[PDB]
Structure formats: structure tokens, C-alpha cells
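Structure, as C-alpha cells:
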Amino acid sequence: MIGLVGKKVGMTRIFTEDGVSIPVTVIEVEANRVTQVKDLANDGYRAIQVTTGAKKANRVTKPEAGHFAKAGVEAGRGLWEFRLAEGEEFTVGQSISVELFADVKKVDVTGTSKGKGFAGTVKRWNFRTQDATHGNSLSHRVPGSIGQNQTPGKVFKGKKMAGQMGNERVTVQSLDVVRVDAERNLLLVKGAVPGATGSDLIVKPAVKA
Amino acid sequence: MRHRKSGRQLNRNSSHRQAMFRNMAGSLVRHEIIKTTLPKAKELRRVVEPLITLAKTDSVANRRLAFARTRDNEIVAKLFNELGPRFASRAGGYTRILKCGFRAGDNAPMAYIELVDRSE
Amino acid sequence: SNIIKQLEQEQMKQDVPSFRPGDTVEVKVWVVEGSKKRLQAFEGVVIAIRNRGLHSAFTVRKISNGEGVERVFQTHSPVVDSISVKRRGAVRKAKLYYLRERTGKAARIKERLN
Amino acid sequence: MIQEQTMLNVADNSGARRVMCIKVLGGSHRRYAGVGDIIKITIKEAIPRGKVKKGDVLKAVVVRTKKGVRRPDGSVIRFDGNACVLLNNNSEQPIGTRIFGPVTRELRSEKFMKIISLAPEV
Amino acid sequence: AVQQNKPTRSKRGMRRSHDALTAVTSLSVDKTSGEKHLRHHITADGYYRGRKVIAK
Amino acid sequence: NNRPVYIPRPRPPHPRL
RNA sequence: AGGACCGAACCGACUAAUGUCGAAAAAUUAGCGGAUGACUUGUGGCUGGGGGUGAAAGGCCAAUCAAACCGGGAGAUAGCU
RNA sequence: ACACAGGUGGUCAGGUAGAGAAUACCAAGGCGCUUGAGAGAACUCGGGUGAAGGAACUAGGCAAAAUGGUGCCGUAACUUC
RNA sequence: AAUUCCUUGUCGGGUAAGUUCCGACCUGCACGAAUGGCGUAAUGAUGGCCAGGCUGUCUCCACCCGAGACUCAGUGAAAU
RNA sequence: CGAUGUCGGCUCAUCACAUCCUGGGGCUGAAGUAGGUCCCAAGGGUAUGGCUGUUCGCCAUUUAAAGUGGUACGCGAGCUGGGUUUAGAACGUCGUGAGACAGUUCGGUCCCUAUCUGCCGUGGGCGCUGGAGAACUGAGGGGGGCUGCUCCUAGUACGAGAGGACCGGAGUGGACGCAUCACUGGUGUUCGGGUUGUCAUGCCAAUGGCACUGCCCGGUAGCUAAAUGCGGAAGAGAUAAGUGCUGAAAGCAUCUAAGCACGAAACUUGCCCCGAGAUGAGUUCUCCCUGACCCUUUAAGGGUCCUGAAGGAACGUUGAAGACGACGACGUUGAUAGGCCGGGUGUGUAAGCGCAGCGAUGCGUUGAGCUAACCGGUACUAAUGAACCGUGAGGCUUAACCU
């Protein structure tokens with residue numbers, strides 16, 4: 001089934017009547033407007049493309065402005081589309097609310113993780129550091145050996161080395177949905193989700209049922 | 001990775017950085033316009049403009065607190081007597097930065113920082 | 001944020017008494033043993049208070065039979081029922097972590113008498 | 001957080017006063033023991049008249065930790081020292097007759113009934 | 001740590017292909033004095049956005 | 001062009017025996 | 001009183017790190033030993049190469065020592081490259 | 001070999017605290033060491049702090065941490081006293 | 001044993017675990033009495049072992065302050 | 001031999017299967033639990049310490065197991081230097097002696113700024129053909145694949161008893177990986193406070209400089225673990241060893257020759273990520289350009305004037321994005337940054353004055369004063385009008401429908 005696009009809004013905890021406190025991530029899921037519906041006849045697959053939020057009138061380009069005007073949908077920030085499960089249908093211009101998550105229990109949240117920049121092997125791949133004393137010289141956090149000898153004669157592809165860490169989309173799956181608030185457009189999910197505050201997130205029902 | 005951190009280091013230690021802003025804040029008040037590098041000018045807005053805000057209301061405690069910064073009785077006199085009343089109705093933004101090319105010695109991006117005054 | 005702050009506000013409790021570090025405090029907490037629910041009393045000295053709204057918490061240190069016990073209570077958790085203040089320590093430090101090292105006659109503090 | 005080579009006090013009156021943890025049981029490559037995990041210890045100094053002598057290896061259960069334990073609502077319990085109770089290596093069965101100092105309720109595993117009963121508090 | 005064969009002038013030029021400088025090609029004309037200057041920068045004589053700012 | 005008047009004296013790090 | 005004790009100048013160099021196309025053809029930083037003595041130091045002398053000097057390591061004798069340096073025999077000789 | 005973090009004998013040598021020519025901050029006096037400006041990655045170098053544990057590290061408590069002053073009380077085995 | 005191949009000799013002490021260390025025996029390959037033997041207080045930047053304190057040595061690293069590394073302007077090497 | 005550093009340890013691994021564990025089976029001198037042996041199986045996992053330089057080995061205690069080998073007995077332009085293997089010295093032994101001893105002890109310099117291949121990241125150029133802005137399909141590639149214990153079944157089957165299942169379900173752990181900062185904490189030389197020595201601001205009071213942030217006590221935001229969530233699948237397809245149904249050759253029998261069934265952490269998919277430079281360069285949606293002159297070696301030709309749109313770039317303010325590029329937001333039709341207002345947080349009752357005391361100091365004003373990166377607002381300052389790049393309807397052949 002289709003997901004929804006929301007914005008991460010900090011974190012909080014919910015106190016239950018029995019005493020236990022549930023850490024919850026707050027996701028602001030306002031109305032999602034369908035801008036385009038894809039069908040097997042034309043696109044070879046069925047999907048719905050949705051938009052959310054708002055954009056400055058002078059900031060949206062003409063190609064994007066015409067695309068929204070065709071669907072009669074107010075311009076929003078970015079576009080995302082979700083594949084259909086063959087059991088439901090949608091129409092252009094339809095608005096989708098967070099209420100569809102009322103009957104679900106597990107969700108999958110996808111977002112861009114925080115960017116750590118160029119990271120070393122110790123931080124990136126949990127490499128073990130070498131001794132800080134006992135004669136060690138300029139080799140306290142160095143990766144160490146990266147190959148065997150002449151017989152391979154090369155470093156194998158996929159070697160773990162320092163490089164860019166974070167700033168890629170990652171998915172946290174099977175997260176418990178704690179509360180849904182349609183009128184206030186909130187979705188409380190137990191746990192933590194990728195990305196920093198204000199980052200766009202995609203929420204869909206858990207697939208590992 | 002300095003996420004959400006603020007404050008330029010300017011290749012100086014804490015003590016040297018604090019003194020340099022202290023002197024160069026005092027110079028700006030004295031002359032009302034100085035020429036510095038762009039990164040230095042931007043960081044000064046956060047140390048000079050609070051001083052003018054303090055000078056808005058004249059009191060013994062404020063005078064002592066103002067003196068503890070810039071450590072100059074001339075500057076303290078200049079504040080509370082001219083800068084204070086001049087900016088009485090001004091809600092911040094007492095400074096203005098104007099880029100003025102590059103320094104010949106090392107090609108440092110240079111800029112003029114000057115109070116919103118001197119319209120005589 | 002506005003959304004978060006509003007969300008936490010509805011979970012507050014307005015019956016939180018005002019206390020300061022160094023004040024002797026007895027905090028009543030709920031205890032569950034399978035199906036029975038009981039009230040347990042924890043009396044001690046507040047050595048640190050953390051103010052963060054719904055996340056505010058304080059820690060209480062008491063001298064038990066042999067060694068001290070430090071417990072951190074979440075102020076707005078339903079587990080805590082009531083907080084009562086017996087003494088008013090005349091300390092002038094936000095965090096009384098130095099009381100851990102001290103013991104015996106050196107662990108006592110004066111009375112505010114205010 | 002009890003790991004190998006850690007000093008522990010003895011809550012019971014078996015005659016031991018200080019013990020060394022030499023192994024954390026319950027898993028391969030386990031790092032440190034929790035609130036109520038079984039550990040293997042060696043006695044470093046005990047009562048001469050006690051039933052346990054120095055330099056003997058037998059199991060033990062942690063009852064108090066300096067690091068503390070976390071409650072489901074976010075509260076924590078911390079102590080000024082680490083304490084344990086002695087065992088029999090074949091059946092858990094704390095050999096002590098009485099245990100001093102508070103004991104947390106995390107040991108209620110339908111099995112430590114003897115420990116909790118002898119506990120002066122909780 | 002050191003080369004086994006001296007790179008050719010072809011490789012040298014190929015590496016240097018990215019060292020070319022770029023012209024500003026963004027010179028704005030002052031509103032009043034009509035003096036060419038870098039964008040968002042004061043003119044040589046001390047004008048900016050028309051009004052004189054240096055007075056020196 | 002000019003022979004280095006000084007020739008550094010090396011050492012045998014690796015006996016290789 | 002003391003080849004006495006602690007410890008600066010001064011003399012020496014036990015450990016570690018840095019530095020090895022170095023700031024330096026043995027140094028720097030933090031510790032370290034002696035520090036009224038068989039001590040240390042300025043200036044000037046004497047000992048010359050199968051010789052000197054050596055609280056003795058084959059150590060030192062002008063950044064070179066199991067026989068210094070310079071010139072000569074000398075284009076030594078090389079069944080070797 | 002250098003406008004070289006090295007070496008180079010003697011004399012004068014103030015204030016506050018201090019046993020002191022140690023050490024900290026200063027006077028007289030002299031200097032900021034002849035490339036700068038930014039950014040605030042890995043990693044290297046020199047440092048600061050650290051939950052619980054406390055040598056489990058390692059050839060080895062290497063390195064770090066720790067102890068550190070004055071006055072009073074007190075001070076073992078052994079001994080050439 | 002600064003001496004011992006067989007050897008981690010045998011027993012005891014110390015450790016949960018001791019090819020090291022300490023004590024005892026002698027089957028001393030191959031100790032031995034001024035190329036001195038056995039003891040010896042004090043002394044040692046001397047070798048080995050153990051204990052208390054102490055700690056980022058370590059389980060397991062995290063953050064932070066400075067100098068480089070990176071970008072811009074000037075000058076401008078080296079081994080190969 | 002005009003030089004390939006040769007034992008261990010650390011870091012980092014990768015492959016084989018002659019499999020240590022987990023998985024599937026045959027036989028058993030397999031009652032059950034637990035075994036023995038053989039076959040299939042390499043997806044993942046596969047200890048910590050004491051002694052020794054040791055690999056090995058012995059010993060202590062864990063685990064489901066602590067697998068065997070290859071890779072210059074993997075890995076010193078990645079680290080160490082304990083052993084061995086220079087120069088000092090000593091012991092035993094051999095030699096008249098210089099000296100020697102896979103005999104033993106004490107001490108004893110480990111250089112390199114990365115051109116190429118390789119690998120981990122990140123960009124520019126051009127191409128994909130009229131240009132431009134978006135959203136995708138997915139060839140293909142990579143990541144992950146571990147498992148203990150407890151309870152129910154059940155004290156059931158089995159067994160004389162003692163002992164004690166298979167299959168299936170639930171809960172809770174260890175190790176490993178991803179994400180995050182709400183909680184518990186670390187850090188927090190940019191916040192507050194205490195305090196020692198000294199210098200200075202004329203002096204008292206009050207403050208600042210220096211002494212490792214002078215030494216300390218707390219601590220915001222960020223980053224972060226010890227903290228907190230989540231993951232290993234289920235299912236499907238074709239199979240290995242193995243078990244079969246029917247069934248002749250060979251009137252019977254026979255799992256096989258025809259045909260039809262099941263059958264493992266292996267294989268393909270399912271889960272997550274990259275991905276059209278996939279030159280085989282893909283699909284969809286939207287936006288922009290439809291003015292004239294001439295020349296010739298009349299060609300997908302060249303030249304001139306006028307127009308240059310969509311959009312892009314550049315510049316500025318910048319960011320939970322970042323080495324630099326890149327990426328995201330904003331540029332007044334504006335909350336992008338700074339300041340300012342309010343709040344929060346932290347530290348903790350400022351200075352001044354008054355009162356009590358001979359004084360240090362205490363009390364009142366006062367939970368005051370000051371507060372970095374946080375939250376909500378506010379055009380007060382800075383994000384300038386413009387210039388620059390990018391055009392003018394987009395080749396040939398053929399096929400199908402209008403004409």
C-alpha cells in the first residue's frame with residue numbers, strides 16, 4: 001500500500017497509564033495531494049505521484065508550474081511517488097491524510113541520514129585502533145593492512161576504507177505507531193528515524209508483516 | 001563536523017581571539033569605521049553590537065559591565081554618551097559591512113565595517 | 001518547536017511542589033508486584049535538579065544501612081505520586097555532587113530558616 | 001557493569017568480604033554482567049572461621065552495581081559499590097543466611113525468591 | 001614513493017587541463033557614477049548602490 | 001655538477017641473515 | 001669534618017616521543033644522574049702514525065682510525081666486473 | 001656551507017611572594033622570532049577531560065596517572081652501630 | 001646457579017590458572033677456593049619477581065583545545 | 001648476491017572444503033536424552049586469561065563451536081622489535097693462544113612527501129542529437145543471512161526404573177550491524193561561579209591580563225557511548241544427499257529408462273542500498289523558441305543585421321551539506337545569516353545602597369545578576385537594478401493513417 005511524505009519534528013516521549021515512557025518521533029504529515037497517476041498502459045507500471053507543503057510562487061520554475069497546473073494541485077516542495085498494490089485506486093488531485101495510518105501497527109520510515117562528512121575507518125567501519133603506547137609510531141588510528149601480498153597483487157573491490165559517511169537514504173523498518181492525530185496532522189512512532197529535524201521522511205506500512 | 005556550532009576560530013587560540021576582538025571592537029567605536037578582512041568583520045558584529053545594546057540604558061552596573069569589555073575608559077565614555085542616545089530608537093543592526101576588494105599583501109578578502117552614522 | 005511544545009504541555013502536572021537542591025524530600029512512588037499496586041516511600045536529599053519541562057528530573061541521595069543510594073526520578077512520570085519537603089538545606093550550589101565523597105558528620109548541611 | 005578483574009563486595013554473610021570476577025556467563029564473548037547476571041568469581045579475602053576459604057572459585061550473582069539499573073520510565077538506581085551473593089556451582093542456591101543492604105527488584109525472575117525474601121529492602 | 005618512469009608531456013598537460021582560471025565576466029555598472037566594479041563590492045572611488053560610502 | 005663533498009654513512013636496518 | 005644528603009647555575013646523557021630528502025652530518029620537548037670534588041672551566045704549552053694517549057671501548061688523535069691526513073713510488077697489481 | 005630550534009669564557013643583576021641566582025607575575029630595557037588569509041574532513045603531532053572496571057594492555061606498568069611543602073607525633077627487619 | 005643440553009629436574013610458597021620468581025633436595029652433562037670460594041649493612045638512571053595506591057595502558061574508545069593536513073595569494077625543492 | 005627484510009604480536013583481511021557449530025539425511029551393537037560412523041552442505045558464526053619471545057603446548061574458566069589449510073610458512077613504502085642475527089661484558093666448555101660454541105645470561109638507531117596499477121570517496125568535460133526542468137522503470141552490482149536459555153506442548157511418547165523426546169508456538173538474552181539524542185551519562189579552553197600568586201585600570205570597592213583553560217566546581221547546543229529504537233525473517237521457484245508413486249527393458253522385482261511427487265542456513269527471488277556512460281545511453285509529465293538578408297568549391301554549407309525564450313551559471317546571505325568541488329534553503333513579491341524583543345536553559349542571590357558587627361563577614365533589596373550554539377517572533381543591518389551563458393520549430397531512409 002502507498003506511503004506518505006512527512007517532516008521530522010524533533011522527538012518526545014509519551015507517558016502511559018502504567019508508568020512506562022515511550023520515546024516517540026513526531027512526524028508532521030499534512031495533506032498529500034496526488035499530482036499524477038501512472039498506469040500500465042502508458043508507463044508500464046501503476047504508481048501515484050504526490051506533493052506536500054508549499055513553495056514560493058516566484059521560486060517554482062515554469063516546467064514545474066505547468067505540471068502542477070495540469071493536475072489542478074497547488075505547488076508543493078518536491079515530488080515522490082509510491083507503487084500500488086493492485087488493490088486500490090486514486091484520482092488526480094485527491095488529498096490523502098494521515099488517517100490511513102489509523103488501522104496500521106508497524107510502519108517503515110525512510111529518510112536521509114545525518115552527514116558526518118569524510119570519516120575514518122574507526123568511525124565508519126568500527127575498526128579497532130592500534131596500541132597508543134608500547135612503541136607505536138604514527139599508527140594509532142591507521143587502517144592497517146589492506147591486502148595480502150604479491151599473490152593477489154591488488155586490493156580487492158569493496159574494501160573498507162575511510163570516506164563519506166552519512167547523507168544517504170536509509171530505512172528503519174517495523175516501527176510501532178503510537179498515535180495518529182488527523183486534525184493536527186501528527187504521527188507518533190516509537191523509536192528514532194533517520195535524518196535531522198525538518199528533514200523529509202517517507203512513511204509506509206511495514207512490509208515485513 | 002561542527003553541526004550547528006557557531007564562532008569562527010580564525011587560526012588563533014581562545015585568549016588571542018578574545019583580545020583581538022577586544023581591541024578591534026574598541027577601534028571601531030573610536031573611529032566609527034575600520035577596514036578589516038571579511039571573516040573578522042562578520043565575527044565582530046557579535047561582540048560590538050551587544051555592547052551598544054548594553055549602552056542603551058546608563059547605570060553604574062552597566063558602566064562597570066561595559067568597562068569589563070574593551071577595558072577602556074575612553075570607549076566606555078564614548079558609549080552611554082553618544083552611541084546610546086544615537087541608537088535609542090534603533091532595534092539592532094547598528095553596523096554595516098561593505099566589501100572593498102582584496103588585500104594586496106596576501107589577497108585577503110577585505111571589507112569596511114562602520115556604524116550606521118556619520119551622515120553629517 | 002511549537003508542535004513539540006504543545007504536545008508536551010498537555011502531559012504536564014500542576015501539582016509539582018517547588019523544592020531546591022539540598023532540601024530533604026520524601027517521594028512517593030508506585031510499586032507493582034504482579035497484580036497488586038502499593039506506595040513506596042523514598043526519603044533523601046536532593047543533590048541535583050534538571051529542568052527541561054516534560055523531561056525535567058531530579059536525583060535523590062539517601063544513606064542506607066552501609067552505603068548510599070542515588071535514585072533519579074522523572075518529575076512528570078506517573079510513577080511518582082507526591083513530593084513532600086521536610087528540611088530546607090542552606091546550600092549555595094546547584095549540584096551537590098560533593099556529598100558522595102563526604103560521609104558521617106560531614107554530610108550534614110545547615111537549615112535555610114527562610 | 002561488572003567485567004573480569006572487577007572487585008565486588010559480598011552482600012551475604014557466607015564469610016567472604018571481597019571477590020574477583022573472573023568470567024561473565026550467559027554468552028560467548030560477553031563483555032560485562034548486568035543487574036542480576038550470574039558470574040564466576042574467586043574469593044580474595046574472607047573470614048578465617050567462614051565456610052569459604054581464600055582462593056576458591058564459585059559462582060555469584062550481582063545484586064548492586066555502581067553503574068546502576070534503568071527503570072522503564074527512565075528512572076535509574078545507583079549505588080556506592082558493587083555487591084554480589086555467593087552460589088553453589090551446581091544449583092544457584094545462595095549459601096548465605098542473611099544479606100545486608102538494599103536489593104533491587106530486577107532479580108524477581110520466579111527464581112531469586114530466596115534473595116528477595118532475605119533482602120531488608122525490596 | 002617515487003616514479004618508475006617519467007610521465008610524458010601528454011600526461012602533464014592532461015593533468016593541467018583543470019588548472020585553467022575563469023574570468024569574472026560579471027562586472028556591474030554603478031547606478032550613479034557608471035563605474036565598472038565587482039558585484040556586491042564598492043567601486044574604486046568609493047561608491048556603492050549609487051550613494052557614496054567612503055567619503056575619502 | 002659538483003660532487004657532494006659529504007657522503008652520508010648509512011646503517012644496516014635489516015640483517016637479512 | 002664528609003670522593004656526606006636534597007637541589008639551581010654548571011657538567012653528563014638513563015627512558016620515552018618527535019625528527020630521519022630533519023631546525024640539527026645525534027638535536028628538541030617532558031622526565032633523569034653528579035652538583036666541595038677522582039669535580040668543572042678559560043688561556044698557554046708538551047706528547048706525532050706501527051707512533052701518541054687511553055679509570056681499557058680497539059676508544060680517541062680536526063665530522064675520517066684494527067694503523068690519521070697530504071704529496072710521491074704510481075698509469076702499483078687485478079687469472080675479476 | 002644558510003639571516004641554521006646547536007655551541008661560546010667573564011662582570012652587573014631591581015620589586016611582590018619565596019629558604020633561594022628555583023618558580024609565578026612585573027620594573028629598567030628589549031622584543032612579537034621575514035610568508036599570509038580562510039575553512040574547521042580523515043589522519044599525524046603537542047595537550048585537556050571522561051561513565052563503569054582498574055594492568056584484563058604488553059616481551060615488560062613502556063608511556064601516562066599518582067605521590068610531592070612546613071611543624072608535631074610516630075617509625076620495622078637487618079647492621080660494619 | 002650470569003654455570004643445567006635432557007628440563008617447564010622434584011616438592012613446597014605465591015595465582016582461579018606461574019617455562020618467570022622464592023625456599024629445599026642433589027642425578028654438579030660441564031661449581032670450587034686471589035684468572036679467588038661463601039656471606040655481607042649501605043649504595044645502584046643495574047637484572048628478575050610480588051603487593052598497595054594510581055591511572056585511557058586496556059575492555060572501547062568519545063568529545064574538546066592548539067600546530068600541520070585541505071582551499072586562496074606569493075615564493076618554490078628533492079630522491080627517481 | 002649492481003640486495004626478494006626470513007620468527008612471534010597488533011590491525012586488516014580474502015579464498016578452498018578434507019565441516020568445529022548451526023541446516024538436511026543413511027546405517028547403527030539407534031528404547032528415549034545423549035552418541036558412533038558415512039553422505040550432502042561454505043550462508044553466517046567460529047573465546048577470555050596465567051606461564052613462556054614463542055607458533056605450539058600445559059593449565060584455569062566460558063560458549064552452539066572455540067574447524068583444518070592456501071594466500072612470499074597473507075600482511076614491517078601499515079605498526080612493535082620480545083626471539084634470532086654486528087660492535088660491550090660475563091659464565092660453562094673446547095683450544096698453549098688469538099678466539100669459537102643451534103650453550104646460557106645483561107645491554108643494544110626499523111628510512112621513504114605515492115608517478116602508475118589497485119582500492120575507498122568526490123568532482124569537471126563530452127556524449128546520449130532542438131533545448132531545458134522534474135519524476136521514474138530497471139539491466140546490472142552490493143549489504144544483510146549467527147544464535148543461547150526459559151516456558152507451553154509434557155512431564156507427553158519412550159523406558160523395569162533412573163531418566164526423558166520429535167514436530168510446532170511464545171517469551172527473553174549474547175555477539176554483530178543500521179539509525180537516533182527523548183531518556184541515563186561523557187565532552188562542552190565560546191556560559192555562570194569559587195579561589196591562590198602577581199601586574200594593571202589614580203586609590204577603596206569593583207574588574208581585566210598572565211601563571212597548562214592558573215587550579216577547580218557545575219553546565220547550553222552540537223558530537224557521542226556505556227544510552228535508546230530497529231534488523232537477521234516468513235513466503236515462493238528450481239535443487240543436493242535422501243525418501244517416493246506408477247513403471248517396462250528382464251512376464252517377476254525395480255525411485256528411472258517415458259511420466260509424476262516431495263526434499264537443506266547452499267542457488268534464484270523475497271528485505272535494504274547504489275544504479276540508463278545499461279554508448280543496448282531507456283520511459284513518462286511539463287516548459288520554451290515558429291524574423292530577415294546575402295555568398296559559393298549549391299553542401300546535415302558558410303557569412304551579416306535584429307531578436308536570445310524556457311533555463312542555467314555567476315555573485316551575495318547561508319545550512320543539522322561539506323577537505324575543495326558538489327548538494328539544500330534564501331536574495332526584499334524576503335525570515336537566508338547577524339543583531340534586537342520575549343521565552344527557555346545553565347550558573348547561582350550581581351553591582352550599588354542600607355542594616356548588624358571592632359573586624360573578616362552576615363542579612364535585606366534578591367532565586368537576584370549574567371547567560372554560547374536552543375525555541376517563537378521582528379526587515380534593524382547585509383542579501384542591488386542589471387550584466388553573462390543558453391536561441392529562432394530541430395537530419396536522411398522507410399512503414400502506417402490524414403492530405
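Proteins come first, then strands; the chains are lettered A, B, ... in the order of their sequence lines, and each starts at number 1. Side-chain atoms are counted along with the backbone in the values below, which use heavy atoms only and exclude waters and symmetry mates.
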- Query: Under 4.5 Å between any side-chain heavy atoms of A:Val50 and A:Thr35, yes or no?
  - Reply: no

- Message: Between the base of J:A387 and the side chain of E:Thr25, is one N or O donor paired with an acceptor at under 3.5 angstrom?
- Response: no

- Message: Looking at A:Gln130 and J:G78, is any side-chain donor or acceptor paired with a base atom of the opposite kind under 3.5 Å?
- Response: yes

- Could you tell me whether the side chain of D:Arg30 has a donor or acceptor atom within less than 3.5 Å of a complementary atom in the base of J:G173? no

- More 5' along RNA chain H: B:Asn107 or D:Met1, using each one's nearest nucleotide? B:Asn107

- Task: If the glycosidic angle is within 90 degrees of 0 it's syn, otherwise anti, so just tell me which one H:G6 is.
- Result: anti

- Query: Within the modelled atom types, does a donor on one side and an acceptor on the other bring the side chain of D:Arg70 and the base of J:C183 under 3.5 Å apart?
  - Reply: yes

- State whether the distance check finds a donor on one side and an acceptor on the other, under 3.5 Å, for side chain A:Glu64 versus base J:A134. no

- Item | Watson-Crick or G-U wobble pair, J:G282 with J:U304, both distances under 3.5 Å | no

- Item | Earlier contact from the 5' end, RNA chain H, for B:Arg8 and D:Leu8 | B:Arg8

- Query: Which is true for B:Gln9 with a 4.0 Å heavy-atom rule: it touches a base, it touches only sugar-phosphate, or it touches nothing?
  - Reply: base

- Task: Check whether the side chain of A:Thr133 and the base of H:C62 form a donor-acceptor pair under 3.5 Å.
- Result: yes

- Query: Counting side-chain heavy atoms from C-beta on, which of J:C176, J:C341, H:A42 comes nearest to D:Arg31?
  - Reply: J:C176

- Nearest to the side chain of A:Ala192, which nucleotide is it out of J:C340, J:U180, J:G346? J:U180

- Message: Heavy atoms only, 4.0 Å cut-off, all strands: where does D:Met7 land among base, sugar-phosphate and nothing?
- Response: sugar-phosphate

- Does J:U190 carry a north or a south sugar when the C1'-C2'-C3'-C4' torsion is used to decide? south

- Note on the structure: Looking only at J:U201, J:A13, I:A16, the nucleotide nearest the A:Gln148 side chain is J:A13

- Going by modelled atom types, is there a donor-acceptor pair between the base of H:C57 and the side chain of A:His134 at under 3.5 Å? yes

- Query: Would you say the side chain of F:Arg11 and the base of J:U109 hold a donor-acceptor pair, judged only by whether the two atoms sit under 3.5 Å apart?
  - Reply: no

- Contact class for A:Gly44 vs. all strands (heavy atom < 4.0 Å): base, sugar-phosphate, or nothing? nothing

- Message: Check this for me: does the side-chain of C:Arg20 come within 3.5 Å of the base of J:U349 through a donor and an acceptor?
- Response: yes

- Report yes if a donor N or O on one partner sits less than 3.5 Å from an acceptor N or O on the other, where the partners are the side chain of E:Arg39 and the base of J:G385; otherwise report no. yes

- Message: Taking any heavy-atom pair under 4.0 Å as a contact, classify B:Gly105: base, sugar-phosphate, or nothing.
- Response: nothing

- Does B:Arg2 get its side chain close enough to the base of J:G322, under 3.5 Å, for a donor-acceptor pair? yes

- NZ/NE/NH1/NH2 to OD/OE distance under 4.0 Å, A:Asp200 and A:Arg77: yes

- Task: Kindly say whether, by distance alone, the side chain of D:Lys23 makes a donor-acceptor pair under 3.5 Å with the base of J:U48?
- Result: yes

